[PDB]
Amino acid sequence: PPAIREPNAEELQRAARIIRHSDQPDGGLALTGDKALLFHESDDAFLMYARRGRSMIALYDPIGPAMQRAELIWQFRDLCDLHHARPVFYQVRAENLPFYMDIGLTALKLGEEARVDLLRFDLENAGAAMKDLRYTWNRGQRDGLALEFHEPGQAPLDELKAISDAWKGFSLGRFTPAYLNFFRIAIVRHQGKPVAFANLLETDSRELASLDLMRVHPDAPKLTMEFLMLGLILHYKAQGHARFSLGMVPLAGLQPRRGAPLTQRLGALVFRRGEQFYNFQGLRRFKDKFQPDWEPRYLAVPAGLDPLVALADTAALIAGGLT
């Protein structure tokens, strides 16, 4: 069998095209180039993966049209058997689960993704949740916080490096010019001084927009984070987008429920930090400030086999990274 390689600049450009034609902005993580690309025979859809141990671990569901997604999943199983490796899918949607079942994979709960319904989101709606955001938006504007947007290529990357340094791989983006040049970038300035930034995952449609890197200067005001997020939500709402993703919160960050099946517990082993799980304290509570809708995300592993092995390889690949 041939060699698993990183994609070239021609392949990356082809992948970038596929993402634009999709409703899957999170596919933009393929553009770091540290993930191998499995293109459909039509070159209208791709799947991204990495190898760790005897496992081949795909990142997210395949990027592309519905039918091509399903056929890529079968392609991947074929490719995995050709290399004598076990297929693993990291952070997949429940709707694609039947396809993973068909190639002989079961699943473990990994966490939950928070997405804000932009069409329903309004700061003048009821509830104290909206009240607090109105305060954050005005109090923050008094204090000199301002959100700006830069087309791809723009934005002082030297000023971004300052925040980035004061503040990996596979499931995350990389602070490199080659990568950040692909995306729109939002910057928060405290009375002119850069205090936070974030690259923006978009598509040519307005179905979904999400996040990747989001780094904040440690000396920045407390509200900078909340302000930056709220600003992005209002921004994409105005642009006419339907949903905005705040990212995922792994199991340990959700409300603890023991007495639960191992299927909905074992997924925690992906995020271990020494003698402790990453607890992701307040991460759920923070995302909940914007009243998002939560949806499960799964880790697809070979069925009828001890998932501890695939969990180990997945844990190693992730190396503790999250948005």
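Residue numbers run from 1 along the displayed sequence.
Where residue 167 is followed by residue 168 in the displayed chain, the model omits 4 to 9 of the deposited residues that sit between the two.
Note on 233-241 vs 85-93: mean CA B-factor is higher in 233-241. Taking the PDB entry as given, 208-216 carries the higher mean Cα B factor of the two stretches 99-107 and 208-216. Taking only the listed residues 297, 258, 52, 272, the entry reports the highest CA temperature factor at 258.
Listed residues 248, 157, 79, 201 were ranked by CA B-factor as deposited; 157 comes out on top. In the PDB entry, a CA B factor belonging to the middle third of its chain's modelled residues is recorded for residue 16. Ranked within its chain, residue 26 lands in the lowest third, by CA B factor from the PDB record. In the deposited entry, the Cα temperature factor of residue 291 sits in the middle third of values across the chain's modelled residues. In the PDB entry, a CA B factor belonging to the highest third of its chain's modelled residues is recorded for residue 143.
When the modelled residues of the chain are ordered by their C-alpha B factor, residue 113 lands in the lowest third.
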